[PDB]
Structure formats: C-alpha cells, structure tokens
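Read from first to last, the chains carry the letters A, B, C, D, E, F, G and H; within each, the first residue is number 1.
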Amino acid sequence: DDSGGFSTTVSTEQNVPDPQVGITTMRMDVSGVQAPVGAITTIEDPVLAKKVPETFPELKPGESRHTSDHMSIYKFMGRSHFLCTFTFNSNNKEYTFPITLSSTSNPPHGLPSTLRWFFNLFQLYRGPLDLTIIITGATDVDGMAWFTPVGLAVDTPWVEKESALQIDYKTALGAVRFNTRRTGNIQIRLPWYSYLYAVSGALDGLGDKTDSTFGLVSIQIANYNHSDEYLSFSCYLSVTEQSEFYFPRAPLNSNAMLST
Amino acid sequence: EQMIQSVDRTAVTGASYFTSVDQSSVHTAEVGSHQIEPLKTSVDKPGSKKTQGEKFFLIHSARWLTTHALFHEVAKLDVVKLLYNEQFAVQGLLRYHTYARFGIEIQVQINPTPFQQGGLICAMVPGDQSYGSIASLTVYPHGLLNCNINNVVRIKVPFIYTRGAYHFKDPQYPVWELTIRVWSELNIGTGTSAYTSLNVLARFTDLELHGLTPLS
Amino acid sequence: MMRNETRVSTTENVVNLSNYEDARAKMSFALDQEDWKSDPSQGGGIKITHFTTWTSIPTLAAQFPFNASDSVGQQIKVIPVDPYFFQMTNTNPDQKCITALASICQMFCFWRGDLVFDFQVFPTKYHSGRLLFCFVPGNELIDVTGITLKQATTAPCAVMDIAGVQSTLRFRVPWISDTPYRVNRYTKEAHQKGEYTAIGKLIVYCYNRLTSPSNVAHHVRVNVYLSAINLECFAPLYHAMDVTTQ
Amino acid sequence: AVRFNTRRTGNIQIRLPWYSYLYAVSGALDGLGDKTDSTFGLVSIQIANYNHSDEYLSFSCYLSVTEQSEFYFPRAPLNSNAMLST
Amino acid sequence: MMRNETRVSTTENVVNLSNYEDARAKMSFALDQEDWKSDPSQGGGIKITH
Amino acid sequence: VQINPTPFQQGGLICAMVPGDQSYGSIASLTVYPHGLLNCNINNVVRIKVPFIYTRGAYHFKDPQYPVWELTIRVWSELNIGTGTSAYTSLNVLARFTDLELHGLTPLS
Amino acid sequence: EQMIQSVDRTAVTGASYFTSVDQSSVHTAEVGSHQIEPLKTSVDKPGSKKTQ
Amino acid sequence: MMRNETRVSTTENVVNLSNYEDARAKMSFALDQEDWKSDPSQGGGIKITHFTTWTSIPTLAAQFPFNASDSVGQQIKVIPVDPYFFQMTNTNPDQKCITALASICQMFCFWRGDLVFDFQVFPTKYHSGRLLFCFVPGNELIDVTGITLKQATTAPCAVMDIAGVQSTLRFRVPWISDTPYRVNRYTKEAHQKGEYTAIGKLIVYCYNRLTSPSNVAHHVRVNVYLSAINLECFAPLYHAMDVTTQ
C-alpha cells in the first residue's frame, strides 16, 4: 500500500461497468444437476454479492434475430433527440440559448424529456456534441448562427432582442450562413472548447451556474419579413464517438422527468 | 490435539425449483436404497411426458350426409382448445404450466360402403379461415378423402405462431384451425345408407412446457 | 469536355432523425476539422458504454412486514413480475422513488429476460418463521387471490428460513411466455386481451408462524430488490413511469 | 424524427425499423389478435407554416420491401371480392 | 485551394417508383444504421423467395 | 462507519458516497453509488474506498466551487425494540485521505 | 456438497497509527481506481515534508 | 439504364464557419487551378507556423521603484498571476501598451501553463538591499494585504540580492489549480464564485533596507517581464484587453 494502510481482509472492486453484452448470444444448460449454491447469499458483503445467481434448472436462451445492439449508449443516443423550439416575430433580431445540462433548469428553459433523463444518469460529460437545426416557416430569409464557449461575452440567454455585438466579433468565433429557401436544415458539430475537465448536470449553488453549461448557440436572422408569415426553428442533439461518459449515478425520480 | 466436529449451520437443499436456505442445518438420515424388481408387478414402461402428452385423443365426431351441398363445412374446430379439457390425460401437464410450444399430428377417419361416392378435403389452416379462396385449400397442409381410394389421411405440422409460445389460460387467437369441406357431394342409390361417420384424432409432438404456476 | 452527371433521386433534402448514420454532421465549427483524444484522468477510469451498468444493480422496490398476528396461508403481498414495478415514495421532498431497472426499461417498447428478486429480511437472532415465495405464470391480470397454500405448491416455489447467518434469498424468475417479447403497454390507457406487461404474479405466503420472546418486536420487515440478468430491450420511446399503488 | 421543407425536396425516402416485442406480424387474423398482432409500426406527420390564402397540400405514401425482410408459410390467396382499391 | 466541381444534370429530384435501385432509402430511422439477422425459429423453416 | 446495537434490536441503514450533490435522484436507487449496508443482525462496520471525482483538476480549500463528496446515511429499515430495550444506538464516521497530492504553497490563508 | 461462504467477523484496518478491531466486519467496496493526468493542472512537484 | 441515386440528407446548403474542413473553397478564380511554390528569399528565412513565437518572448509588463524610505516588510507591489496582466501606457501618442503574451492569450477562452516572471533591477554598484518575491496560491480575489513578512515565508518564495554582476531573476511560477484549465472571465461583467482568471497573487516585500551613499540616487527601479513556458490555450474568441489599473 502507498498510503500506509493495513488490513487482514480483502478489498474487491464494486459495481464494475459493463458486465454483460445486452444481446442474446453465446460467449447445454445454464443450471443443471449440481445443487444451486447461489440461491442463498449475504448482500451486506460486496465479495459474496458478486456471486452468479441461480435457483432453478434452465438452459441457454439461444441467439437473437436482429444484428444491432439497442442497449449501447452510442447507438441509443446516436438517435437525435429534441432540444428546443422558438419563433421569431420581427426584423433583424437575435436569439440566444445555452445547452445547459443542469437539472435545476426546468423546460422550456432547459433540457426536455429524453435529454433531461440521459444527462442525469452519470456524473461527468466530456466531448463534442452534434446539433441539427430545422427551419419551418418563411422563405427568402438569410440567417447566421455561431458558437460561443462559456466564459466569453455574449447576449442574454433565452431572450430575443437586437444584437449588441459587432460583425467582427461574430464571424471571428466561426459562423455558418444559410438561406431558408435552399436548405431548411443544418447539421453542425459543436466543439469541446472549455477551460475545465468535464461538465456535470447534478449540481447546486455557484457550481450549478459555472460547471453545467459547456457551450452556447445563438442565431441571428435578416430579410424577415413580408406581410404575414411565421418563422420557427427547432433544435435537436445527437452524440458522437469522440464523447465520453463517467461515473454512473442514480436516475431521476418520476416527478423530475418533465417535458415540453 | 484432537478436533471435535460439530453440525453444519448453513446448507442449501431442494429439488430444482424450491430453494431452502437454512441457518441451522443437519445432515440427511437415509435408510436403505433403491431396489429393482426381479419379479415385476407392471410390465409396461413407466409414465413420463412422452407417453402421456404425445398420444392420440379423440377430439371430434361429425357425420357426412347426402344433404350437405358442395363446399359445405362438415367440421370447423379449434384443435388446441379441444385438447385443453379435463377428460384427456394431457390436461394434467397443461393445467399447471403456463406457456407451451408444440407440433400437431392429425388423423381423420371415415367409413363409406363401396356403393357410395363423393369426396372431402381436410386442411390445416393457421389462425383463421380468412377471406381466402375455398378452391385453393390445397395450398395448406391437407389431405383428400375419396370414397373409392382411401379412408384415412394424416397430417404433421410444426409450430406456426406470431409469438414465442401459447398461453392456455388467456390465449390471443387459435394456433391451428381444422376445416373439413365437402369437396364432392355424397350420392347413393335406393336403399344405401344416406350417411357416413367421421372422426378426428389429434396429438402433440415435441411438447415443451414452461413456467409452472399455482393459479388455473 | 467533362462527362460527370448524376440523377437527383427521391427524398431530396429530408432530415432522418432515427439513427446516427443519417444524423451525423456534414460540417464542423472546430478549427482544422480536429479530433479529441481520450483522457480518463479525473473520472477514475469508470467509463460507461452500455446500459447493463444500471440494470444489473439490485435496487429497492418494495417493503412489507411479516407480522406475528397473521394466519398460515394468508397472502402477505403480491408482485407483478415486470421491470416496471416500484412502489416506494418519500415525503420531504415529495418524490416517487424510481428503481434503476425501471428507469432504463421505461425507455423501450419491448423487454425480455430473467428478473432476479432479492428478499432481505431484518430479524433478530430470536424470531423464527418461514416464508413461501410462489410464482404463478400468466400475465398481470389473473384472479390470483383464490389460490390456497396447498394449491400454491403446484407452481414453482421456494421456502426461506428467516433467522440465520444469511439474510438474502435470490429468486431468479425464468422467462415463461408465449410471445418472444413483452410490450410496454403503460403508454396506452385501455386494456386489450393479448398484449401484456408482465409474465405472471409472485405471491408471498405465511408458511410457518412467527415465534418470538416477549422482549423483541412482534414483526419482521422484508426489503425487495429488483435487477435483471440476460436482459434484452429494443424499440426506444419516451415514457415516465408511476408508482404501482396495488 | 426527420425535418423537411416543401420547397426544397418534395420527397423523403426513409427506412422503417423493425421494433416489436413479438416475433412477426400477420394479416389474416380476427378478434383481439387482429388489433394486436397486425400492426407493427405507425407513421405520423405534423406540418407548420401552412398556409397563405388559398392553396392545397397533399401527401402520398408508398411502400417498398427490403433485403432484410423475410416471409413465412404460404397461404391461400384472397378471393375476387376482397381485392379492393381506392 | 480545393477544385471539386460537378455539373447538375437533368432529372433533378425526380422519384422513380419502378425498381428497387431507385426506390431504396437514403437514410434510416434506426439507431446506429443497424441491420437485422435471420431468425427461422417460429416459422418452421418454410421461407418464400419465389 | 461504525454502529453498536444490542442483539434485541432490529433494523437497517445505508451509507452511500454521493459526489457533489444529493440531487433529484431516487432514494430507492442509492445502491448504485459506492455504498454499504448496516444490518443489526449481520455486521456493524462498513468501509468504502473512492477515487477523486471532480469537474476540475484539483480542489481549492480557501474558496471551493462545490463539495467533492457528500456522505448520506438514510434509514433503510426502522429500528424496533421491545419493552426495556434501549431505544437508541450510537453512530460514528471515520474518514481519511489516500494518495494526497499538494500543490502551490501560499502565505495567505 | 457445496460450501456457502459468509461474511468475515474479525478484521483489523487502519492507516499506520489508528487500529480498529471489529467483531462484525465486511469487505471494502471500491469503485474506480487511481488515474494519472495526461494534461496536468499543476506542473510543480506535489507537496511533501521536504518542500514545506 | 443507369442506376445512380443518392438521398439528400439534412443540413442542405448550410455554411459552417468554424473550421477549415468546411470553410475551404469549392472553386477558384485562378487559371488552370494552379498552385504556388515556396519562396523564402526576401523574408530572411524567418517563417512563422505557431503562436509560441510571440508567447515565449519576455516583454515588459510593470514598473515599480524600490525606495530607501520604506520599512521592512512593507508590501511594495502585488501582481495577479495570469497572462492578461499589463499596466504600462504611453502619453504621446495616447495608447495602452499591450504585452506579447496578453495579445495571444486574449484570443482564447481557456489557458494553462507556467508563467515566467523576470525582474530586472537598475542599481549602481553602490546600492545594497534585498527583495522578497512571494507567491500566494489561490485566485485573483483574496484578502492578501494582511500577510506579514514572517507569514510570507510559509508560501514558496525567493530572495534576490540587488547589486551584483547579474541583473535578472527568473521566477517560474508552477501551475497550481483545482481545475485543469482557467477561464478568460474578462468578457463577462459580473463576478461568480468558481470561475477565475488567475492562479494566485504575487507579492513583493522589502526584505532588507536600501543602503547607499549620499552621491547616488535614493531609489532603485525594477522592470517586470512576462512570458510563458508549457503554454496551452484553446477555444478561440475575440476580446480586446484593458490596462489593469490595480
């Protein structure tokens, strides 16, 4: 031991991640003629709690009949889930929304149904995300979207107003330029630009307003509008292969799972 | 130094589904052993699942007349629901289990005199006698009964179902459905019997039984 | 003279939000199109790649007492055998205590596998009694209260001596079904014969009475844990469960 | 979900995954097996920004089959009174 | 300086519903673009291809 | 974590190490964390060993962001006695560092 | 004949001066392990008796 | 009969201005799509490919005198330890003299590394005294003026004899932090506990008094230089710094 401790017992590793592949496959019977000693146990001992359970004679389940494994995070959360939606009402306006992992921020100003469930299953998130925005409404509208890391100057979140920034400051952060007649969709990465190791969701105090947000996406539109037509944007998040997840955590209860 | 042995505290006993964890245990006390009979009191093979479940049972008795027209339906019967009855020996295996997976063996028997003429068809239709054609009943596993040629047909089918097993207490829909249609009309002369008797035998094959349950 | 022509097919500029092969990005905000390396420094090396990390954890689902004032054969508690079962709740703060198995399984349509119930008793060294844990295969709606104690030994069951050096009995339920999978019907609001959530109900009986002295308490409480082995789920959705008020 | 605009594409060619809790779906059923084991999936569409003064909007759907699909146990075909169209 | 240009030919964004080489899908609702294996278990091995 | 019941008492406790915050998560799922179960019939000592889990690279004692670890001890089964038995039991928590790294010695406290 | 293992009663733990003798013991439950920093937040040598 | 069809995916005709893999050009004004060769003729062979060319240059940041009329233990000057520090300015023309380290580091969100302070004194051969350079780890807002001279030797420190054959002491500050990186908070306008810019403050003490004859000046001036070793910055932005008026 490096720390100078001593013990006569054995210390074992508790709750090892990923103990089994969640597809039916083969890595005779499962239980058999031998008497099941794993039926009776002591749960207060972490060594005896790792014993394989059996009580009844069984046999092997066989193999499944679909190729993919739906119980993996990189395939479950590879599906792009809903993030936010908002509408514009006037000309030359600017809207700003952060991607906050915190569970204190309730929707509409926070993570909705499935993303609120997922980012409170674990402690630490580190890596780039994957944003898709969808344009619904007017046509011949020129818009520009850019990405600001946390700790830098930007307009007020969740408020649609005129922009107090200049065009030299917007285009220096990296921006895209679209038109609502040609595309109707933008599939854009979001870089991992932070000064800290990883961001977390389940925090309070001044750690909730610092270590929860990691990035911040804002959109400005021009050439809107003519007489009577609405313009609506909707955002969707997916996860990438460069991202990582650490330290599993107790899931949210049935009163914190909220939606829009 | 001598060691004084004591009785064991913890032990696990049972027979393959009942598990008993005991904090105060003791060894088993057995007298005698298993003996064979050199002069046997019963010379048949002993009972098992094979000789009780896989055995022919009479499930239906109809009668085919000269007044039934063409494509008239002599017998329309659910095969698996009729085998789930107290009067058959397979009930003692099915009353206590929950799900099953099985194959079906059908034998259909008639008896005409050779002064009669006519025909029948005996098709195994899975699930439902739906909107399909009556003239295309030879696509299913079937058998043709002609009064001149034969009087016994026999059919063997595997398990065809939308789920993995069949629930006897609360089924979704019937697995198999046997129909017996008039394929050519029964004609007689003067004095000949205007009927013939019909019987359907059925049994399971490859019977799997899962999940024994207390509630029926 | 170049000869490079393609025909513009159907589904022109359509967003498919169903899988990663159609939801991955075409461009990037990052400079030099760069990539990021692995850094398991401040995370302790505990990295999650699969949802079996939560489902294989036994978490508490139920709580019932074993009184000394109940008769032999009386049904103490009945449990529907599905991963969507939990009944615990808390007062301050107002909350409905989910389990780790019901959080993962509520996000799918179909489930399959062997559920493992764990029954932890809290006696002294001086109470003495037995329980009978019976499993009646079927579905979540069967008239099950007419089953007597002698009739319950037809089904697969297991007894448990309460006072001893061990405290927990693990009751691995076998997969008994007619269908290969079993549907999450709690999204719907009406019942339908054929689609179900459970594979049967589990009854707890009073097998022997509770004998004890006068200077101990006249009841023993039992915790019920809930995990899963050989679990398979597919066809995701979104659903937030609710307390089974039984 | 997918997100489209009716000015740019006019068509979407999309797969439909096999997400069911049962082995296979069937067509020729009655009773409560007809309302459970027949449907396998369900597609729904929501529209926004429609409309201006006077213009119609019509959608039409078309199914094809893939190489991952399978077919089992041939059956007697439908008669000439059940073959119906729109 | 990149040099990647193509000429947009005729039949731009046209749906051909006549064969599988033009009616197959471009994207997918399924997670991880996954595929499905063969399972001739409850069908008795009676598979139709023709 | 140490307790001392007489063997005429019955009940249980749970001792989970929750990093950062006892947030909106479930009380019935406290066996996901590094934990220990104290049963009055079986044991009276549990011991837990955890690594450093934090959103930054180190911890600042003079002005911290948020607590690194948070120990909670919930009643897992109620304490029941008979007539004359003691209606209490004492509890004690011991803690120590392991693999201690120290950086940046400073004059101001 | 199968043997059902139980929890250990007697054990001695501590760190080099605190000695705890326990009549009812249990094994230690540890998650994770010690990780190094590939991008270090402090580049000096860590504190000890020599540098203080 | 040709069979070449593709499905038009999402993000149709979207401009990604965040990296070179999406901002590189599709076509060209140049004839024959031509390329250009290297010509290091009139540039002396001094070619820049990396921003360490400016950050590793020690440039002047501060200016303080060491008078003969100050007491032992009096704090002469306090410096926040971050690359965003500078306080020099000029009169004609009106300008705010940036440093080479604060010009590169102001264009990023997060910084990391070892800052190297250089203290150049300008004595004669006849002044005589010592300074104490103390580093108190922490952040840019700690009450630091209560620290006495004896208390300052708890922190890591270094003394310097003024008059000699050498003039410069290099004070490499170690990276001491709780977070791996440290944020550029000067874009914001309000403070927040947890996010900071510095890793502590650096104090200069009067260790021994300044002894000198009558025909020399009664003060010695010290320049403070500022560079960086093992510097790492990422997550770019735009910001124009301002003079730390202390």
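What we mean here is this: contacts are C-beta pairs under 8 Å (C-beta built on N, C-alpha and C of every residue); 3 or more make two chains touch, one makes a residue touch a chain.
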item	value
Chain pair with the higher count of C-beta pairs in contact (A-E, C-E)	C-E
Euclidean distance of C-alpha centroids - chain E vs chain G, Å	56
Between chain B and chain C, centroid-to-centroid distance (C-alpha), Å	36
Chain A-chain B separation of Cα centroids, rounded to whole Å	54
Two or more partner chains touched - positions in chain G	2, 4, 6-7, 11, 13, 15, 25-26, 28-35, 37, 39-42, 44, 51
Residues of chain H whose C-beta touches two or more other chains	5-12, 14, 16-19, 156, 174-181, 193-194, 236
Residues within chain D bordering two or more other chains	1-5, 8-11, 13-15, 17-18, 22-24, 32-33, 36-37, 72-74
Chain-chain contacts as defined at top	A-B, A-C, A-D, A-E, A-F, A-G, A-H, B-C, B-D, B-E, B-G, C-D, C-E, C-F, C-G, C-H, D-E, D-H, E-H, F-G, F-H, G-H
Of all residues in chain G, those that touch chain A in their complex	2-8, 10-16, 25-32
Of all residues in chain C, those that touch chain E in their complex	2, 4-12, 14, 16-22, 180, 236
Touching residues (chain side chain A, partner chain G) in the complex	3-15, 34-35, 37, 40-42, 44-48, 247
Of chain F, residues touching chain A in the complex	19-21, 23-26, 29-30, 32-34, 36-39, 42-43, 46, 49, 53-57, 65-66, 97-100
Residues on chain C engaged by chain A in the complex (per definition of touch)	13, 15, 17-20, 23-31, 35-36, 38-44, 46-54, 56-58, 94-98, 100, 103-104, 107-108, 112, 114, 116, 118, 120, 156, 158, 165-172, 174-175, 225, 229-236, 238, 240-243
